[PDB]
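**Q** Would you mind keeping the following structure in view while I ask a few things?
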Amino acid sequence: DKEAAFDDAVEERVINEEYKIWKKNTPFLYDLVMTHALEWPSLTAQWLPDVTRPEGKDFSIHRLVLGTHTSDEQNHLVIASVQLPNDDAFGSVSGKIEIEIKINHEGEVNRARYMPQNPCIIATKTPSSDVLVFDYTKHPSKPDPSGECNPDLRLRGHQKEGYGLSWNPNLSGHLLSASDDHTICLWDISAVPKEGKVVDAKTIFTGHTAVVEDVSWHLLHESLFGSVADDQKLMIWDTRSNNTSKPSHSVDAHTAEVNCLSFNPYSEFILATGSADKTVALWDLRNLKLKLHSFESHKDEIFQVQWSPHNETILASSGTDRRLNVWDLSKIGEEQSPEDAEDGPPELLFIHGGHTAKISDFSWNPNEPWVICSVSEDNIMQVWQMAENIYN
Amino acid sequence: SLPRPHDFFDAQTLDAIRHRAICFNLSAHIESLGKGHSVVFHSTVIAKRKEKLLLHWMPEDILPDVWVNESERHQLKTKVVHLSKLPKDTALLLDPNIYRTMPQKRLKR
Amino acid sequence: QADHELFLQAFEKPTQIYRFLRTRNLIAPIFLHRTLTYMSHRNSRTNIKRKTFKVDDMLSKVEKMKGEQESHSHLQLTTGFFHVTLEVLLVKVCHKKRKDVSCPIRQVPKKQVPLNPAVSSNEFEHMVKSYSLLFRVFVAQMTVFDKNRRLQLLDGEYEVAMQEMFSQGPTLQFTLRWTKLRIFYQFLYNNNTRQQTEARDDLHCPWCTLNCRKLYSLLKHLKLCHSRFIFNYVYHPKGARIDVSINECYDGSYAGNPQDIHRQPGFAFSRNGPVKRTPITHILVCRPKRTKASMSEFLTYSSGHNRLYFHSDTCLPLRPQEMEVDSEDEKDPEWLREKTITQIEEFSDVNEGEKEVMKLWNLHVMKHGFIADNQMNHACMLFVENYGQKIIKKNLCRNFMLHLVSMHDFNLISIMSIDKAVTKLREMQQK
Amino acid sequence: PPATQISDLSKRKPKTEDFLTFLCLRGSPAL
């Protein structure tokens, strides 16, 4: 409709003005705020664990595993280096978010989850039904102007596109992926024969009627992992159950489509699930039926929830609302002043509004306390750190 | 001096915003009766609970109808509620551009 | 006068923008104002983040489940209408899924009411957000449960009024049962038209209606959030006089992809699919000092391409795809070639074949850009490598030999070069 | 009491039927 187009234009103007206002207040809201406009939009982001601290230099170098989203050109699996001001003081050090590696990739990258037991191996989700387990060390630094070279591994167990990609921390390898075919397939990988061409699914899970939006492994037990789907039913699957159809737990957990999921790094029972109901709800694995506090301040879908690795009571959510909200779980229920109540719930700690488009993905840097890299569909990557005064 | 950066709002968006503001001030009385930060809704009795009274406020599809006694109805025939406390589910109806998903489109996830 | 009208418009544009932003942010905030350092007056609660999150389940179970109170608990319905059979249908409005634009409503249901003189099942049970009953005679809708499942539709006499297509209009009766700191603003435009006001609510943002409890916080909020103006504090004998003027510069152009700033309508700000753009890196906050608050305050770095470029020839926007190549400035512009051809052909004292060979040589030299005498030698060979067929077809081989002789007489080339060039020309004819 | 800032802003953004009259309908322009 023409009215819809006029409203979209007005909203674009308002979004630009809001971004300008936010950037005016960026010094008073963040300690570090670095915005980089990637050549191609990225649908994924995950800091590599390795960090380099050059002696005599005021900064440090971290590695980001970014994807690519080309309209028709050759998609890539970008790996870039980011310079962070470390503890004290940089003014001008030339390139700060320059790329390091670029491996050719058939189709846009949907996920860039590296293998934790070996950050050399990085997996990727293609628009096709097959997942590719790259190895950026083996591949050439510069991209070969040809087709998608042999990724050293290509697992095909799905029937359509997928978005979930979970790496087992307790077991080396074990990349489990959930696709739109209502199937969450698990590939053993790792202990597999060399000369990687095709890797069949070790076990495929069909217990979610709708399209499984995402899936994550349990951070303590190697036999447990949660899967969340569009049927509004977050399921916690237990391996070695002699059945690949009935999950151990089948809590509905939401009303609208539930997209993301992330276990608490510290607690062995706390997990968060963001959904299309504009609600990020915490959960306890001790009792499945009962629901914990439901963080409700988003105005659109919650596409990604990720607990902070440096804190046990901090969780961040983002999605189509174009806002990145940081929640302090230990602040839930605290009495607030009327101005504080007007600003937002006591649980909510910070709202990042530097993105003019939907946040495709975000991640924390394990080597830094409170810095987050969030990539939007506007081909914008922002590495930002919340101001110290917010969290003492 | 420095060149004029060609302000992005222009006049068409300004005209639409002026129209929306005029409608908002005529409907919710935000400027006059809302003290600049609240919506002044006027309730209307619809049904009588003979066991309270059900009242519906003038800006429709914003706040649910509630049951109030006759004395309560007389006391609160008009309700002023701050924008912060508006129900998040239906608060967006106060203006088309209060929050609009810019990429409506299709495909994506 | 027209000066006041111009002032009113020039202040109304940013005032209207900021008033809309005020009405929008209170429901859709750009950021939490309590998280702004200059707005530290709010967020009146310290950090007690020293309690484990593994006992939240027990705390919530004890608080809610242990002390659970029943929210509520068939329905009995029956009097007459006023101003005819009417239909009573139970409407169940479902939750708004991503696929659905609006919340779906499924109407699961007649009685012969008097012309202006029912026992319901356990259909309630939760995909449906709430349960409502709709009456049509002349329509009437009433909800039985709220968002929190609040027990509405109280049992007893109910004179539920109806809206055409209690009250004076057509109403229906039914029986329901079970089973100081004065702050002054002096708006100034062109230093000639001034409007002096005074804030109705002290220490409150006139635009955003925000409660800045301190004068420094209010001034900083004005300078930052409402940046379309410039706020020059001047102090007042009674309170504070905040002069307000329109920010002359206010670089507030489009901040997205520079390509969209020049696309044709219908494709600008399309957001439909991924769009390539030139890489750029910006650093806004690196490590701010975080100095103490003081009123004395009221007495950036970028790497990469940070604009939209244009073609030097057509003055049209330059796409990122057409950037890494096509420097678009090469040795021999087409206009120079045409001018050389015209100047050669415009001579009076020259033969036709002589002019043709002269133009061919000039075009070849421009296309290759010889500047060195020794290269001239190889240049001659290059000529027969590119213009040999054309000269042969034009049958100007003798003129080419004459040109070679003249060039040798002008130094550069040599007798051996002349013989080699002629032999290369002959091999073309034999082929 | 030279008017009020909120009243001046409300006399600035709307200038039509929904102007609430009051002092805005009075000699607001040209002081």
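By order in the structure tokens, chains are A, B, ...; within a chain, residues start at 1; ligands start at 1, following the order shown.
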With DSSP run on the backbone, what are the alpha helix (DSSP H) residues within stretch 25-238 of chain C? I'd like them as a tab-separated table (two decimals) with N, CA, C and O atoms, in the first residue's frame.

**A**
chain	number	residue	atom	x	y	z
C	25	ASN	N	9.83	8.35	22.02
C	25	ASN	CA	10.87	7.74	22.85
C	25	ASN	C	10.32	7.20	24.16
C	25	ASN	O	10.82	6.19	24.66
C	56	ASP	N	17.23	-18.39	42.02
C	56	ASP	CA	16.07	-17.68	41.49
C	56	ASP	C	14.88	-18.61	41.33
C	56	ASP	O	13.73	-18.20	41.55
C	57	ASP	N	15.12	-19.86	40.95
C	57	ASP	CA	14.03	-20.82	40.82
C	57	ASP	C	13.33	-21.04	42.15
C	57	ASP	O	12.10	-21.01	42.23
C	58	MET	N	14.11	-21.25	43.22
C	58	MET	CA	13.51	-21.44	44.54
C	58	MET	C	12.78	-20.18	45.00
C	58	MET	O	11.69	-20.26	45.56
C	59	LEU	N	13.38	-19.01	44.77
C	59	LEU	CA	12.75	-17.77	45.19
C	59	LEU	C	11.42	-17.55	44.48
C	59	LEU	O	10.43	-17.15	45.10
C	60	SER	N	11.38	-17.82	43.17
C	60	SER	CA	10.15	-17.63	42.41
C	60	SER	C	9.10	-18.68	42.79
C	60	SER	O	7.91	-18.38	42.84
C	215	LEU	N	20.39	21.46	37.12
C	215	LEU	CA	20.54	22.42	36.03
C	215	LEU	C	21.63	21.99	35.05
C	215	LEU	O	21.47	22.13	33.84
C	216	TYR	N	22.74	21.46	35.57
C	216	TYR	CA	23.79	20.97	34.69
C	216	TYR	C	23.29	19.81	33.84
C	216	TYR	O	23.58	19.75	32.63
C	217	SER	N	22.55	18.88	34.44
C	217	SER	CA	22.00	17.76	33.68
C	217	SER	C	21.04	18.24	32.61
C	217	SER	O	21.07	17.74	31.48
C	218	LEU	N	20.19	19.21	32.93
C	218	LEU	CA	19.25	19.74	31.95
C	218	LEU	C	19.99	20.43	30.80
C	218	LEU	O	19.64	20.24	29.63
C	219	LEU	N	21.00	21.24	31.12
C	219	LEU	CA	21.75	21.92	30.08
C	219	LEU	C	22.47	20.93	29.17
C	219	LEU	O	22.47	21.08	27.94
C	220	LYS	N	23.07	19.89	29.76
C	220	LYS	CA	23.75	18.89	28.94
C	220	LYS	C	22.76	18.10	28.09
C	220	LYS	O	23.05	17.79	26.93
C	221	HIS	N	21.59	17.78	28.64
C	221	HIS	CA	20.58	17.08	27.86
C	221	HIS	C	20.10	17.94	26.69
C	221	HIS	O	19.91	17.43	25.59
C	222	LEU	N	19.91	19.24	26.93
C	222	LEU	CA	19.54	20.13	25.83
C	222	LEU	C	20.62	20.17	24.77
C	222	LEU	O	20.34	20.06	23.57
C	223	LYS	N	21.89	20.30	25.19
C	223	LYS	CA	22.97	20.41	24.22
C	223	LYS	C	23.17	19.12	23.44
C	223	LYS	O	23.60	19.17	22.28
C	224	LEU	N	22.88	17.97	24.04
C	224	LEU	CA	23.15	16.69	23.38
C	224	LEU	C	21.94	16.15	22.63
C	224	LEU	O	21.99	15.96	21.41

**Q** Among stretch 198-341 of chain C, which residues does DSSP mark as strand (DSSP E) when it is run on the backbone? Keep the chain and numbering as in the structure and answer as a compact mmCIF listing (two decimals) with N, CA and C atoms, in the first residue's frame.

**A**
# COMPACT_ATOMS: atom_id res chain seq x y z
N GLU C 198 9.42 31.11 29.88
CA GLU C 198 9.84 30.64 31.19
C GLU C 198 9.22 29.27 31.42
N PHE C 229 19.25 22.65 18.13
CA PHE C 229 19.38 23.99 18.66
C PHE C 229 20.75 24.14 19.32
N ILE C 230 21.10 25.39 19.62
CA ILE C 230 22.28 25.71 20.41
C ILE C 230 21.82 26.43 21.66
N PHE C 231 22.22 25.92 22.82
CA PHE C 231 21.77 26.43 24.11
C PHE C 231 22.93 27.13 24.79
N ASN C 232 22.90 28.46 24.81
CA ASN C 232 23.94 29.27 25.43
C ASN C 232 23.43 29.78 26.77
N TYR C 233 23.84 29.11 27.85
CA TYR C 233 23.48 29.55 29.19
C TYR C 233 24.10 30.92 29.46
N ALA C 240 18.13 30.73 35.98
CA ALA C 240 19.01 30.46 34.85
C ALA C 240 18.32 30.88 33.56
N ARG C 241 19.03 31.63 32.73
CA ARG C 241 18.52 32.09 31.44
C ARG C 241 19.23 31.31 30.34
N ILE C 242 18.51 30.39 29.71
CA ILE C 242 19.06 29.52 28.67
C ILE C 242 18.61 30.08 27.32
N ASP C 243 19.48 30.85 26.68
CA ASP C 243 19.19 31.33 25.34
C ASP C 243 19.23 30.17 24.35
N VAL C 244 18.24 30.14 23.45
CA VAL C 244 18.09 29.06 22.48
C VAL C 244 18.11 29.65 21.08
N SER C 245 18.95 29.09 20.22
CA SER C 245 19.03 29.48 18.82
C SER C 245 19.16 28.22 17.97
N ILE C 246 18.80 28.34 16.70
CA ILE C 246 18.84 27.21 15.78
C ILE C 246 20.29 26.89 15.45
N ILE C 280 34.60 1.13 5.81
CA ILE C 280 34.96 2.31 6.58
C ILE C 280 34.94 1.92 8.05
N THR C 281 35.82 2.54 8.83
CA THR C 281 35.91 2.28 10.26
C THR C 281 35.82 3.60 11.01
N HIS C 282 34.97 3.65 12.03
CA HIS C 282 34.76 4.84 12.83
C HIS C 282 35.00 4.53 14.30
N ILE C 283 35.64 5.46 15.00
CA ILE C 283 35.83 5.38 16.44
C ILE C 283 35.23 6.65 17.04
N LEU C 284 34.19 6.48 17.86
CA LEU C 284 33.50 7.61 18.47
C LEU C 284 33.89 7.81 19.92
N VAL C 285 33.80 6.77 20.74
CA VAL C 285 34.25 6.80 22.12
C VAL C 285 35.38 5.79 22.25
N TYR C 301 37.63 10.20 14.72
CA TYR C 301 38.56 9.53 13.82
C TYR C 301 37.82 8.56 12.91
N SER C 302 38.25 8.50 11.65
CA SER C 302 37.64 7.62 10.66
C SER C 302 38.72 7.09 9.73
N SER C 303 38.59 5.82 9.36
CA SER C 303 39.51 5.16 8.44
C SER C 303 38.73 4.58 7.28
N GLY C 304 39.19 4.86 6.06
CA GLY C 304 38.52 4.40 4.86
C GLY C 304 37.72 5.51 4.20

**Q** Tell me which of C:150, C:398, C:72, C:180 sits closest to residue B:66, counting only C-alpha atoms.

**A** C:150

**Q** Taking 5 positions as the minimum chain separation for residues in the same chain, which residues sit within 12 Å of residue D:27 when counting only C-alpha atoms? Answer as a PyMOL selection string.

**A** chain D and resi 2-3+8+11+21-22

**Q** Counting only C-alpha atoms, collect the residues of chain B whose closest atom lies at most 12 Å from chain D, and write them out as an NGL selection string.

**A** :B and (14-15 or 17-37)

**Q** Work out how far atom CA of residue C:126 is from atom CA of residue C:104, in Å to one decimal.

**A**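 Between these atoms lies a distance of 13.5 Å.
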
**Q** When the cut-off is 10 Å and we count only C-alpha atoms, which residues of chain B are near chain A, given as an mmCIF file with N, CA and C atoms, in the first residue's frame?

**A**
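What follows is the written file part.cif:
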data_model
loop_
_atom_site.group_PDB
_atom_site.id
_atom_site.type_symbol
_atom_site.label_atom_id
_atom_site.label_comp_id
_atom_site.auth_asym_id
_atom_site.auth_seq_id
_atom_site.Cartn_x
_atom_site.Cartn_y
_atom_site.Cartn_z
ATOM 1 N N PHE B 8 18.035 15.849 6.261
ATOM 2 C CA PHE B 8 17.382 14.698 5.647
ATOM 3 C C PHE B 8 15.865 14.726 5.811
ATOM 4 N N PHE B 9 15.354 15.385 6.856
ATOM 5 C CA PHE B 9 13.912 15.387 7.094
ATOM 6 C C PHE B 9 13.148 16.067 5.963
ATOM 7 N N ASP B 10 13.662 17.186 5.464
ATOM 8 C CA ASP B 10 13.027 17.941 4.374
ATOM 9 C C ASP B 10 11.661 18.436 4.859
ATOM 10 N N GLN B 12 8.380 17.127 3.369
ATOM 11 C CA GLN B 12 7.325 16.123 3.281
ATOM 12 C C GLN B 12 7.202 15.342 4.584
ATOM 13 N N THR B 13 8.329 14.856 5.107
ATOM 14 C CA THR B 13 8.311 14.178 6.397
ATOM 15 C C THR B 13 7.878 15.131 7.502
ATOM 16 N N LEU B 14 8.313 16.390 7.426
ATOM 17 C CA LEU B 14 7.874 17.384 8.397
ATOM 18 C C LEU B 14 6.368 17.605 8.316
ATOM 19 N N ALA B 16 4.112 15.385 7.280
ATOM 20 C CA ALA B 16 3.471 14.203 7.848
ATOM 21 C C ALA B 16 3.540 14.215 9.369
ATOM 22 N N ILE B 17 4.685 14.618 9.924
ATOM 23 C CA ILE B 17 4.829 14.687 11.375
ATOM 24 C C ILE B 17 3.896 15.742 11.952
ATOM 25 N N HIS B 82 0.448 8.269 31.922
ATOM 26 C CA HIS B 82 1.719 8.615 31.301
ATOM 27 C C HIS B 82 2.069 7.624 30.197
ATOM 28 N N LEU B 83 2.793 8.118 29.188
ATOM 29 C CA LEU B 83 3.145 7.284 28.043
ATOM 30 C C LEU B 83 4.005 6.095 28.449
ATOM 31 N N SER B 84 4.798 6.239 29.512
ATOM 32 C CA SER B 84 5.647 5.139 29.957
ATOM 33 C C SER B 84 4.815 3.950 30.420
ATOM 34 N N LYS B 85 3.696 4.211 31.092
ATOM 35 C CA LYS B 85 2.856 3.160 31.648
ATOM 36 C C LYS B 85 1.810 2.646 30.668
ATOM 37 N N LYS B 88 2.308 -1.872 26.427
ATOM 38 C CA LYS B 88 3.252 -1.963 25.318
ATOM 39 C C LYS B 88 2.641 -2.657 24.108
ATOM 40 N N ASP B 89 1.672 -3.547 24.327
ATOM 41 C CA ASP B 89 1.059 -4.264 23.215
ATOM 42 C C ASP B 89 0.298 -3.320 22.290
ATOM 43 N N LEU B 92 1.574 1.305 20.478
ATOM 44 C CA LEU B 92 2.042 1.708 19.158
ATOM 45 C C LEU B 92 0.926 2.267 18.285
ATOM 46 N N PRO B 96 1.243 5.997 13.607
ATOM 47 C CA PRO B 96 1.826 4.999 12.697
ATOM 48 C C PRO B 96 3.336 4.893 12.804
ATOM 49 N N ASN B 97 4.021 5.986 13.136
ATOM 50 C CA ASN B 97 5.475 6.012 13.194
ATOM 51 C C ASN B 97 6.009 5.985 14.622
ATOM 52 N N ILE B 98 5.181 5.596 15.596
ATOM 53 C CA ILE B 98 5.684 5.399 16.955
ATOM 54 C C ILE B 98 6.726 4.290 16.964
ATOM 55 N N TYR B 99 6.428 3.186 16.286
ATOM 56 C CA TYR B 99 7.436 2.179 15.968
ATOM 57 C C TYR B 99 6.950 1.403 14.757
ATOM 58 N N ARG B 100 7.702 1.469 13.664
ATOM 59 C CA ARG B 100 7.394 0.715 12.459
ATOM 60 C C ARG B 100 8.610 -0.115 12.084
ATOM 61 N N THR B 101 8.394 -1.403 11.835
ATOM 62 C CA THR B 101 9.471 -2.266 11.363
ATOM 63 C C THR B 101 9.888 -1.797 9.975
ATOM 64 N N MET B 102 11.070 -1.187 9.880
ATOM 65 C CA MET B 102 11.506 -0.624 8.603
ATOM 66 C C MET B 102 11.610 -1.675 7.504
ATOM 67 N N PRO B 103 12.241 -2.844 7.711
ATOM 68 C CA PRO B 103 12.211 -3.867 6.646
ATOM 69 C C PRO B 103 11.032 -4.826 6.787
ATOM 70 N N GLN B 104 9.832 -4.345 6.449
ATOM 71 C CA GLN B 104 8.671 -5.228 6.423
ATOM 72 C C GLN B 104 8.891 -6.367 5.435
ATOM 73 N N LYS B 108 14.372 -12.962 4.470
ATOM 74 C CA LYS B 108 15.099 -12.773 5.735
ATOM 75 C C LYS B 108 15.086 -14.115 6.464
ATOM 76 N N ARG B 109 14.791 -14.157 7.759
ATOM 77 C CA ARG B 109 14.705 -15.421 8.479
ATOM 78 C C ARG B 109 13.313 -16.028 8.342
#

**Q** Kindly provide, as an NGL selection string, the residues of chain C having any atom no farther than 6 Å from an atom of chain B, counting only C-alpha atoms.

**A** :C and (24 or 26-27 or 156-161 or 166 or 251-253)

**Q** Restricting it to N, CA and C atoms, dump the selection as an mmCIF file, in the first residue's frame.

**A**
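Result saved to out_18.cif:
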data_model
loop_
_atom_site.group_PDB
_atom_site.id
_atom_site.type_symbol
_atom_site.label_atom_id
_atom_site.label_comp_id
_atom_site.auth_asym_id
_atom_site.auth_seq_id
_atom_site.Cartn_x
_atom_site.Cartn_y
_atom_site.Cartn_z
ATOM 1 N N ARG C 24 7.518 9.630 20.904
ATOM 2 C CA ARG C 24 7.931 8.298 20.475
ATOM 3 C C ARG C 24 8.862 7.613 21.471
ATOM 4 N N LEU C 26 9.302 7.851 24.734
ATOM 5 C CA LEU C 26 8.730 7.364 25.983
ATOM 6 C C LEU C 26 8.155 5.962 25.843
ATOM 7 N N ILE C 27 7.797 5.551 24.627
ATOM 8 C CA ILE C 27 7.369 4.187 24.374
ATOM 9 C C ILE C 27 8.438 3.367 23.656
ATOM 10 N N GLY C 156 -24.677 -11.504 37.071
ATOM 11 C CA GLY C 156 -25.767 -10.689 37.552
ATOM 12 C C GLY C 156 -26.431 -9.971 36.400
ATOM 13 N N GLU C 157 -27.265 -8.992 36.738
ATOM 14 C CA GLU C 157 -27.920 -8.189 35.717
ATOM 15 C C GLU C 157 -26.896 -7.345 34.971
ATOM 16 N N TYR C 158 -27.010 -7.323 33.644
ATOM 17 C CA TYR C 158 -26.071 -6.595 32.796
ATOM 18 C C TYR C 158 -26.853 -5.906 31.688
ATOM 19 N N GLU C 159 -26.853 -4.573 31.699
ATOM 20 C CA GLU C 159 -27.473 -3.780 30.641
ATOM 21 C C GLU C 159 -26.370 -3.335 29.684
ATOM 22 N N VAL C 160 -25.922 -4.276 28.857
ATOM 23 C CA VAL C 160 -24.825 -4.028 27.929
ATOM 24 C C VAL C 160 -25.374 -3.252 26.737
ATOM 25 N N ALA C 161 -24.974 -1.989 26.616
ATOM 26 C CA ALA C 161 -25.432 -1.161 25.514
ATOM 27 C C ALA C 161 -24.829 -1.639 24.196
ATOM 28 N N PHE C 166 -25.359 1.165 30.412
ATOM 29 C CA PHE C 166 -26.499 1.586 29.606
ATOM 30 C C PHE C 166 -26.208 2.898 28.885
ATOM 31 N N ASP C 251 25.143 18.842 11.275
ATOM 32 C CA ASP C 251 25.325 17.866 10.209
ATOM 33 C C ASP C 251 24.463 16.643 10.490
ATOM 34 N N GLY C 252 23.246 16.648 9.951
ATOM 35 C CA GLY C 252 22.285 15.591 10.187
ATOM 36 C C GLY C 252 21.762 14.971 8.911
ATOM 37 N N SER C 253 22.644 14.774 7.938
ATOM 38 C CA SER C 253 22.267 14.162 6.673
ATOM 39 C C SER C 253 22.072 12.661 6.878
#

**Q** Taking only C-alpha atoms into account, which of A:361, A:231, A:368, A:257 comes nearest chain C?

**A**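 Among the listed residues, A:257 lies closest to chain C.
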